[PDB]
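Chains as they are written, first to last, in the authors' numbering: chain 4, 54 to 249; chain J, 1 to 39; chain 2, 52 to 257; chain F, 77 to 227. Heads up, the beta-carbon is just placed ideally off N, CA and C, and yes, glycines get one too. Working notes for the structure below.
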Amino acid sequence: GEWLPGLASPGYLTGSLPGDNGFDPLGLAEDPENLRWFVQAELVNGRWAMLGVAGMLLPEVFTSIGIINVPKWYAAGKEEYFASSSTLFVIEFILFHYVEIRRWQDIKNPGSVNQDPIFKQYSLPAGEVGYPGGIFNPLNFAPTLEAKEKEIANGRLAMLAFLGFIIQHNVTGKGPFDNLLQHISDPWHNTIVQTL
Amino acid sequence: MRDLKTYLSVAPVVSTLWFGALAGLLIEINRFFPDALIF
Amino acid sequence: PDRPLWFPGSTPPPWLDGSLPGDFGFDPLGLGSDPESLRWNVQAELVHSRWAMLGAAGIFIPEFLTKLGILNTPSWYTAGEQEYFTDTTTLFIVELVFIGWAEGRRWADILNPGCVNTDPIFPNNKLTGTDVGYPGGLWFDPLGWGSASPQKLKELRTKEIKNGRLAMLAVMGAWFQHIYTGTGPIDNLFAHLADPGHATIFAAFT
Amino acid sequence: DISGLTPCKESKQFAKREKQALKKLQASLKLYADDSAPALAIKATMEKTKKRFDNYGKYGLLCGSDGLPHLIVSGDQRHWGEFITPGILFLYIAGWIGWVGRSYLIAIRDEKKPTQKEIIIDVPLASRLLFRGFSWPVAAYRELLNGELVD
Ligand SMILES: CC(/C=C/C=C(C)/C=C/[C@@]12O[C@]1(C)C[C@@H](O)CC2(C)C)=C\C=C\C=C(C)\C=C\C=C(C)\C=C\[C@@]12O[C@]1(C)C[C@@H](O)CC2(C)C
Ligand SMILES: CC(/C=C/C=C(C)/C=C/[C@@]12O[C@]1(C)C[C@@H](O)CC2(C)C)=C\C=C\C=C(C)\C=C\C=C(C)\C=C\[C@@]12O[C@]1(C)C[C@@H](O)CC2(C)C
Ligand SMILES: CCCCCCCS[C@@H]1O[C@H](CO)[C@@H](O)[C@H](O)[C@H]1O
């Protein structure tokens, strides 16, 4: 992979990683452990970005075609729920504390965390760090290199898409799909140029 | 020519150009966003 | 080694052999004394030449037809300050991304001769240019005139570079003239043809 | 309000200062032809002035009994722009500079004559290390945890 043909890929990016297109011009992953931590971080930020972006765009599209009246993502938190946002935050914080500390221990030591602390009978098969599998993969799909680099690709696209959503909402004041529609309406008179 | 470039890379010349560029930048910024006391 | 010079009776600089198209031993400031600098300056002179030829044609051909009943296009000097179907800034952004792509691949070519000869989408199509500054291929040389004997290449590239110099000087001339006189270049040409004795640059400065 | 101060948009002395300033400018403006350059200059000063006062009022600044903006740096969330934010920006830029300089000094430390590249700057090297500063918190944070920051 060549992100900039033909710029020589850094020595520490030997293509032994999925998504290796030789893109690290600032040399952040010059250190091996740094490269590991950043691989994990790219996977995580990427997956959460995919989920988040999906949850931002998809409900709005279905609202446009009148399937279900769903409030936009930036106006969804405002006082509509049963348990209130504070309680929700405490719950979230607790469960995420447990889960993320767990995964963290997996990153610090791969084989250290794999079995259920309560029901020690059940366990997760020794796999790759960042790719747990086992119960996390009930449909038993093969973790091929292609599938991994596809995951990372859609992840990067979704991250950029999230930045796009944030900035676009910050400027226009409408939803991303709304902006897309207005762009379809008159492309040469509805861009970042006119909105600013 | 290489010697001239080397001279242009000497400390005082580099400093004049660098601080000249900075002065220009800060000036233009303070012309477009003047009287800034916040941010 | 044996060639006509810009300054008869002078010795050409060591770095100017004469193996380069347009070599007349002119570099009195030694701005091309270093090989890499000379090479980069060659590419820069190429793109300058071609852009200035396109430009010179672009201001002199329409202005000459505008003076006749053929066209009615406005002055080249004020063709930018007008409005179009979209704002000029949008056009400028599209220009920046497109020309940015082209100049990007060309830059990669200058810094690494081979790396940008193949089409990233369809690996079937390639460029047949041997030396940089001359891409060739089907897109940039459909008539195949780009590949020939070193003599013909020398001649053609010399013609290219010379018409380029003349064009650069011509565009600069157009700019300065429209600044001074305040009318089109054709108007100036006809005024000078009408009275070369007085209707010159001193017809306004003195 | 905070510290017994009064908001600039509600401060009388703030407004009186704007008044006296504009009136001084106009009192100077009376002597020049309206189309002349001095007139346009003084008028530019007037517009800039009132725009300044209006902007300060809009920014939510608190004024003292003097009629001047006083700053709140306690960490108060209604005034993060009065120290916290520009502080963060500063720290970012300063860290950038220092980290880049550090990179440059380390890069030439292992050479025949290091002092040379300290009196005659290696501009290609400097340009290569220039943008590395953009990610200085990330780069330094990792070097901190790694043990490549100190000896
Ligand atoms: C995780 C993420 C977003 C997650 C979003 C979520 C959970 C959204 C949740 C919600 O919407 C829903 C679901 C429903 C709403 O009701 C509620 C909210 C809460 C609003 C984005 C990451 C976003 C992350 C991004 C954009 C990262 C970009 C980084 C880049 C481009 C760095 C590039 C480089 O570092 C390299 C690669 C190499 C170096 O050498 C060179 C440089 C250039 C420095
Ligand atoms: C003059 C010029 C350069 C002159 C440089 C010279 C003599 C340097 C000479 C030396 O260095 C050497 C050789 C060797 C050294 O030892 C000695 C010196 C002496 C130091 C370049 C002009 C170069 C000029 C160029 C490239 C101009 C291109 C113009 C274009 C594209 C115009 C487009 C338009 O006009 C149209 C087409 C239609 C309009 O409506 C719209 C617009 C857009 C305005
Ligand atoms: C934006 C960077 C442009 C390239 C910098 C041009 C001068 S590069 C210059 O070259 C000299 C040798 O000739 C060296 O002695 C000197 O250290 C070096 O900085």
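Quiz item: Taking just the CA atoms, how far does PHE166 (chain F) sit from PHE210 (chain F)?
Solution: Spanning the two alpha carbons is a distance of roughly 13 Å.
Quiz item: Secondary structure at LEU165 (chain F), three-state DSSP: helix, strand or coil?
Solution: Secondary structure of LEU165 (chain F) (DSSP, three-state): helix.
Quiz item: Is the number of C-beta pairs between the segment 175–190 of chain F and the segment 148–162 of chain F that are closer than 8 Å three or more?
Solution: The segment 175–190 of chain F vs the segment 148–162 of chain F: no contact.
Self-check item: For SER176 (chain 4), the three-state DSSP class (helix, strand or coil)
Solution: Here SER176 (chain 4) sits in strand by DSSP.
Self-check item: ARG156 (chain 4) beta carbon near ligand 3 (any heavy atom closer than 7 Å)
Solution: No; taking the cut-off as 7 Å, the Cβ of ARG156 (chain 4) has no heavy atom of ligand 3 nearer than that.
Practice problem: Taking C-beta pairs closer than 7 Å, name the residues in chain F that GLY64 (chain 4) reaches, listed in chain order. | Solution: Chain order gives no chain F residues near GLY64 (chain 4), where near means a beta carbon separation below 7 Å; the closest approach is about 15 Å.
Quiz item: How do the segment 163–181 of chain 4 and the segment 66–79 of chain 4 stand: do at least 3 beta-carbon pairs fall below 8 Å, yes or no?
Solution: Output reads no: the segment 66–79 of chain 4 does not touch the segment 163–181 of chain 4.
Quiz item: Would the beta-carbon of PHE111 (chain 2) fall within 8 Å of that of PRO236 (chain 2)?
Solution: Yes.
Quiz item: Any idea what DSSP makes of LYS95 (chain F), helix, strand or coil?
Solution: Here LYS95 (chain F) sits in helix by DSSP.
Quiz prompt | Interface flag, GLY75 (chain 4) vs chain F, CB-CB below 8 Å | solution = At a cut-off of 8 Å between C-beta atoms, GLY75 (chain 4) does not count as an interface residue with respect to chain F.
Practice problem: Grab the span of the alpha helix (DSSP H) containing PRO86 (chain 2) for me, first residue to last. | Solution: Run containing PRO86 (chain 2): 86–117, per the alpha helix (DSSP H) assignment.
Practice problem: Examine chain 4 for any beta-carbon lying closer than 8 Å to the beta-carbon of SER104 (chain F), and answer yes or no. | Solution: No, its Cβ sits nowhere closer than 8 Å to a Cβ of chain 4.
Quiz item: Within the present structure, is the beta-carbon of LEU213 (chain 4) separated from the nearest heavy atom of ligand 1 by less than 7 Å?
Solution: Yes, the Cβ of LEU213 (chain 4) comes within 7 Å of a heavy atom of ligand 1.
Exercise. Decide if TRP127 (chain 2) is buried, meaning its Cβ has at least 16 other Cβ atoms within 10 Å, or exposed.
Key: Burial of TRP127 (chain 2) is indicated by the presence of at least 16 other C-beta atoms within 10 angstroms of its C-beta.
Practice problem: Return the chain-ordered ranges of every alpha helix (DSSP H) run that is complete within the segment 124–150 of chain 4 and spans a minimum of 4 residues. | Solution: With a minimum length of 4 residues, no continuous alpha helix (DSSP H) run stays inside the segment 124–150 of chain 4.
Practice problem: Identify the continuous alpha helix (DSSP H) that holds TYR132 (chain F) and give its terminal residues. | Solution: 113–134 is the span of the alpha helix (DSSP H), which, as asked, contains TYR132 (chain F).
Quiz item: Three-state secondary structure (DSSP) at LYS188 (chain F)?
Solution: Annotated three-state conformation of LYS188 (chain F) is coil, per DSSP.
Quiz item: So, are the CB atoms of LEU81 (chain F) and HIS155 (chain F) less than 8 Å apart?
Solution: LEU81 (chain F) places its beta carbon 8 Å or farther from that of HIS155 (chain F).
Practice problem: Could you tell me the distance, in whole angstroms, from the CA atom of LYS85 (chain F) to the CA atom of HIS99 (chain 2)? | Solution: Each residue's alpha carbon lies about 57 Å from the other.
Quiz prompt | Partner residues on chain J for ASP68 (chain 2), Cβ-Cβ distance less than 9 Å | solution = Per Cβ cutoff of 9 Å: no residues; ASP68 (chain 2) is ~18 Å from chain J at best.
Quiz item: Can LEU205 (chain F) and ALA216 (chain F) be called in contact, C-beta distance under 8 Å?
Solution: No; because the gap between Cβ atoms is not below 8 Å, this pair is not in contact.
Quiz prompt | Cβ neighbour criterion (16 or more within 10 Å) applied to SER87 (chain F) | solution = Classification of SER87 (chain F): buried, given that the 10 Å Cβ count is 16 or more.
Practice problem: Starting from the N-terminal end, write out each residue whose C-beta falls within a distance shorter than 6 Å of any non-hydrogen atom of ligand 3. | Solution: Taking each Cβ in turn, the ones that pass are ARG2 (chain J), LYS5 (chain J), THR6 (chain J), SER9 (chain J), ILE196 (chain F), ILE197 (chain F), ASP198 (chain F), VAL199 (chain F), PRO200 (chain F), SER203 (chain F).
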